[PDB]
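First residue of the sequence shown: 1, per the entry's author numbering; consecutive thereafter.
Heads up, the beta-carbon is just placed ideally off N, CA and C, and yes, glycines get one too.
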Amino acid sequence: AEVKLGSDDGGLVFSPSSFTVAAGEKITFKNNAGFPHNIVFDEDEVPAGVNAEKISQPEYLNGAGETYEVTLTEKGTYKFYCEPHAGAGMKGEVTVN
Ligand SMILES: [Cu+2]
């Protein structure tokens with residue numbers, strides 16, 4: 001799967017926003033035009049077993065085109081979002097199955 005942070009003209013949003021995947025799918029968050037971006041997993045809505053720090057990447061990133069891979073493998077739902085661009089409504093969700 002490929003997620004572009006920052007639409008080409010829609011503004012700052014997780015593109016796609018929410019999407020289901022298979023346990024073993026590679027999810028790459030690629031910066032498109034809204035850096036620096038940040039992705040953190042709401043440890044308040046993450047499965048009671050999958051750490052939210054191993055997938056999250058608090059390490060800010062102002063690189064153009066830079067990306068971060070993530071491969072979840074536990075049928076469920078993980079709620080993530082951008083804390084800095086949260087003022088715009090940048091959120092993320094993945095339903096593994
Ligand atoms: Cu962001």
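3-residue-minimum beta strand (DSSP E) runs that sit fully inside the region 32 to 68, ordered along the chain:
Fully enclosed beta strand (DSSP E) runs of 3 or longer: 37 to 41 and 57 to 61.
Under the three-state DSSP convention, the category residue 11 falls into
DSSP, reduced to helix, strand and coil, places residue 11 outside both helices and strands of the structure shown, so it counts as coil.
So residue 30 and residue 4 are in contact, right, with Cβ under 8 Å, and what is the actual spacing, rounded?
Separation of the CB atoms of residue 30 and residue 4 is rounded to 5 Å, and the pair is thereby assigned contact status at 8 Å.
How about residue 73 and residue 23: do their beta carbons lie closer than 8 Å?
In contact: residue 73 and residue 23 (Cβ atoms closer than 8 Å).
Beta carbon of residue 14, beta carbon of residue 42: below 8 Å?
One thing to note: residue 14 has its Cβ no nearer than 8 Å to the Cβ of residue 42.
Using C-beta distances below 6 Å, list every residue in its chain close to residue 33, excluding the 5 sequence neighbours before and after it, in chain order.
Take residue 33, set aside five residues on each side of it, and the residues of its chain with a beta-carbon closer than 6 Å to its own are 6, in chain order.
Determine whether the beta carbon atoms of residue 28 and residue 53 lie at a separation below 8 Å.
Not in contact: residue 28 and residue 53 (Cβ atoms no closer than 8 Å).
Taking the straight line between their C-alpha atoms, what separation do you get for residue 82 and residue 59?
One C-alpha to the other measures close to 12 Å.
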